[PDB]
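Peer 1: Before we start, here is the structure in question, set down as C-alpha cells.
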Ligand SMILES: CCCCCCCCCCCCCCCC(=O)OC[C@H](O)CO
Ligand SMILES: [Zn+2]
C-alpha cells in the first residue's frame with residue numbers, strides 16, 4: 000500500500016477582523032490511507048461545534064477533508080489545528096498564522 | 000466554461016474481522032459537492048449536500064440509494080478478490096477507490112466519460128476514452144479486465160455515460176444554475192512582510208473564486224520563479240469558493256522586479272500584480 004503524509008493549512012474563511020464573526024478552517028489534503036484524526040484547538044483546548052466535509056479525493060487518489068467551526072477572533076485567543084495520521088510520528092499541531 | 004463535469008468518488012475500506020467494509024460516496028458537479036452516502040450513517044441513504052438538490056423527490060433518492068448499495072456489494076467482493084490476487088493477509092485493511100462521471104461539452108455532447116479504480120492508492124483499471132476498452136495496471140487488473148469483458152461491463156458504462164450521465168448533469172446544471180453556472184473571479188492583492196532589514200516576503204493572494212482551477216505564478220523580470228515560490232494547494236473557503244497564495248522571499252531592492260500573474264475563468268484579462276507600497 001502507498002502512504003502519503005497529510006498537508007495541513009489553518010486559515011479563516013474571511014480576512015480576520017477582531018470582533019467580527021468568521022469561520023476557522025483546517026484543510027487536510029494529500030493523504031493516504033483515509034483514516035485520520037483532526038481537532039481544532041482554542042488556546043490548546045479542543046473546540047466543540049467542529050464539523051467536517053465528506054471524504055473525497057483528488058486526481059492522484061489522495062484524500063482531502065475540511066474541518067471547520069464558526070468563531071470570532073480577538074487579540075488574545077490562539078487557535079490551532081492538530082492532526083494525527085499513520086504517516087506521522089504522532090499528533091502534529093499547526094498554529095493559525097493570520098497571514099497565511 | 001463550455002465544459003462541465005459530473006463525478007462520483009467512492010472509497011471502500013476493509014476492516015477485517017470488524018464488520019463490513021466502510022463505504023463512502025460523494026458526488027460533484029464541477030467543484031460543487033451535491034450528494035453523499037456513508038454506509039456507517041444512522042440510516043445509510045444517498046442524501047443531498049447542496050440546497051439545489053432538495054427539490055428532487057423521494058423516488059430519485061431511493062434509486063440513488065439502491066445503486067450505491069449495489070455498487071458497495073460489488074466493491075466488497077472486489078476487495079476480497081484483490082486480496083486473494085495479491086496473496087495478501089486476511090487481517091489487513093485495504094482500500095478500493097472508484098471514480099466515474101462525464102464531461103458535458105458546450106453543445107451537449109459527451110466530451111469524455113470515465114470509470115476507473117485504484118487499489119491501496121495506486122491506479123488499478125480504467126475505462127479508455129473509447130468506452131469500449133480497458134487499461135489494466137498489472138496482471139491482477141488484467142484478471143479483472145477479463146471478467147469485465149465477459150460480463151459486458153464496458154457497454155453498460157458507455158450506455159450510462161452517453162445517456163443518463165449527461166441528462167442528469169444537464170438537469171443539475173439547470174436546477175443549480177445560479178451556483179454552478181457562475182464564474183466568481185478571485186479577489187487578489189499582494190502583501191509584504193520583511194524577514195530582515197534587507198529581504199521581504201511578497202505573498203500573492205487570490206480569494207473567493209469559483210471554480211477551483213487557477214494559475215498563480217511569481218515572475219522576476221518576466222522569468223518564472225516556481226523553484227523559488229512557496230505555492231500552497233488550492234483550498235476551500237467553506238462557502239463554495241476557493242483560496243490560494245504563492246510567495247517569494249526577495250531582496251528589498253528587487254521588489255519591483257517581481258510580478259504575480261493570476262489566470263482564472265472568471266477574469267476578463269489575466270492579471271499582473273506588483274507589490275503596491
Ligand atoms: C465512482 C463511483 C461510481 C461507481 C458506483 C458507486 C456509486 C455511484 C453512484 C451512481 C453513479 C454512477 C453509477 C451509475 C449506475 C449505472 O448506470 O451503472 C453503470 C454501468 O451501467 C455499469 O452497470
Ligand atoms: Zn419507491
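Chains as they are written, first to last, in the entry's author numbering: chain B, 0 to 99; chain A, 0 to 276. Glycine is no exception: its CB is placed at the ideal position from the N, C-alpha and C atoms.
How is the alpha helix (DSSP H) around residue 152(A) delimited, first residue to last?
Peer 2: 152 to 161
Peer 1: When Cβ atoms are compared, which residues of the segment 60 to 76 of chain B fall closer than 9 Å to chain A?
Peer 2: 60, 61, 62, 63, 65 and 67
Peer 1: What is the chain-ordered set of residues for which the beta carbon lies under 6 Å from any non-hydrogen atom of ligand 2?
Peer 2: 58(A) and 61(A)
Peer 1: Pull out every residue of the segment 31 to 56 of chain B whose Cβ sits closer than 7 Å to any Cβ of chain A, in chain order.
Peer 2: Result list: 31, 32, 33, 53, 54, 55 and 56.
Peer 1: Could you please give me the residues that DSSP links to residue 51(B) through a beta bridge?
Peer 2: 66(B)
Peer 1: Counting only runs that start and end within the segment 55 to 84 of chain A, where is the alpha helix (DSSP H) found for 4 or more residues in a row?
Peer 2: 57 to 84
Peer 1: Are the beta-carbon atoms of residue 117(A) and residue 96(A) separated by less than 7 Å?
Peer 2: yes
Peer 1: At a cut-off of 6 Å, is residue 70(A) close to ligand 1 when judged by its beta-carbon and the heavy atoms of the ligand?
Peer 2: yes
Peer 1: Could you tell me whether the Cβ of residue 100(A) comes closer than 7 Å to any Cβ of chain B?
Peer 2: no
Peer 1: Please list, in chain order, the residues of the segment 114 to 125 of chain A that have any C-beta partner in chain B closer than 7 Å.
Peer 2: Answer set for the segment 114 to 125 of chain A: 117, 119, 120 and 121.
Peer 1: Could you check whether the Cβ of residue 24(B) sits closer than 7 Å to any Cβ belonging to chain A?
Peer 2: yes
Peer 1: Got a sec? Which residues, its chain only, sit under 8 Å from residue 213(A) by beta carbon, not counting five neighbours each side?
Peer 2: 185, 205, 233, 241, 243, 261, 262 and 263, listed in sequence order.
Peer 1: Taking the straight line between their C-alpha atoms, what separation do you get for residue 9(A) and residue 253(A)?
Peer 2: Approximately 49 Å between the Cα atoms of the pair.
Peer 1: Between which residues of its own chain and residue 247(A) is the CB-CB distance below 7 Å, once the five residues before and five after are set aside?
Peer 2: 201, 217, 224, 227, 228 and 257
Peer 1: Using a Cβ-Cβ cut-off of 7 Å, state whether residue 1(B) counts as contacting chain A.
Peer 2: Taking Cβ atoms only, chain A reaches closer than 7 Å to residue 1(B), which makes this a yes.
Peer 1: Excluding the five sequence neighbours on either side, which residues of its own chain have a C-beta within less than 6 Å of the C-beta of residue 81(A), listed in chain order?
Peer 2: 118
Peer 1: Can you confirm whether residue 23(A), when its beta carbon is compared against all beta carbons of chain B, has any partner nearer than 7 Å?
Peer 2: yes
Peer 1: Where does residue 40(A) sit, in a helix, a strand or coil, going by DSSP?
Peer 2: coil
Peer 1: Which residue wins for smallest C-alpha separation from residue 120(A), given the options 79(B), 39(B) and 33(B)?
Peer 2: 33(B)
Peer 1: State whether the segment 15 to 28 of chain A contacts the segment 88 to 103 of chain A, with contact taken as three or more CB pairs (one from each stretch) at a distance under 8 Å.
Peer 2: yes
Peer 1: Report yes or no: do three or more beta-carbon pairs, one from the segment 83 to 96 of chain B and one from the segment 40 to 60 of chain A, lie closer than 8 Å?
Peer 2: The segment 83 to 96 of chain B is not in contact with the segment 40 to 60 of chain A.
Peer 1: If we require 3 or more residues per run, which beta strand (DSSP E) segments fall completely within the segment 205 to 230 of chain A?
Peer 2: 214 to 219
Peer 1: For residue 183(A), which residues in the same chain have their Cβ closer than 7 Å to its Cβ, ignoring the five residues on either side in sequence?
Peer 2: 207, 208, 209, 240 and 265
Peer 1: Could you check whether the segment 13 to 23 of chain B touches the segment 66 to 73 of chain B, counting it as contact only if at least three pairs of C-beta atoms, one from each stretch, sit closer than 8 Å?
Peer 2: yes
Peer 1: Starting from residue 31(A), follow its DSSP beta bridges and name the residues at the other end.
Peer 2: 28(A)
Peer 1: Using 7 Å as the limit for Cβ to Cβ distance, is residue 28(B) near chain A?
Peer 2: yes
Peer 1: Closer than 6 Å to a non-hydrogen atom of ligand 1 - does that hold for the CB of residue 54(A)?
Peer 2: Result no, Cβ not under 6 Å from ligand 1.
Peer 1: Output the boundary residues of the beta strand (DSSP E) element that contains residue 19(B).
Peer 2: For residue 19(B), there is no enclosing beta strand (DSSP E), since its DSSP letter is neither H nor E.
Peer 1: Starting from the beta carbon of residue 12(B), find every residue of chain A whose beta carbon is closer than 7 Å, and list them in chain order.
Peer 2: Neighbours of residue 12(B) on chain A, chain order: 236, 237 and 238.
Peer 1: Indicate whether at least one CB of chain B lies closer than 7 Å to the CB of residue 232(A).
Peer 2: yes
Peer 1: Could you check what DSSP says for residue 166(A) in three-state terms: helix, strand or coil?
Peer 2: helix
Peer 1: My guess is that residue 175(A) and residue 0(A) are in contact by the Cβ rule of under 8 Å, so how many angstroms apart are they, rounded?
Peer 2: With 8 Å as the limit, residue 175(A) and residue 0(A) do not qualify as a contact, their Cβ atoms being about 16 Å apart.
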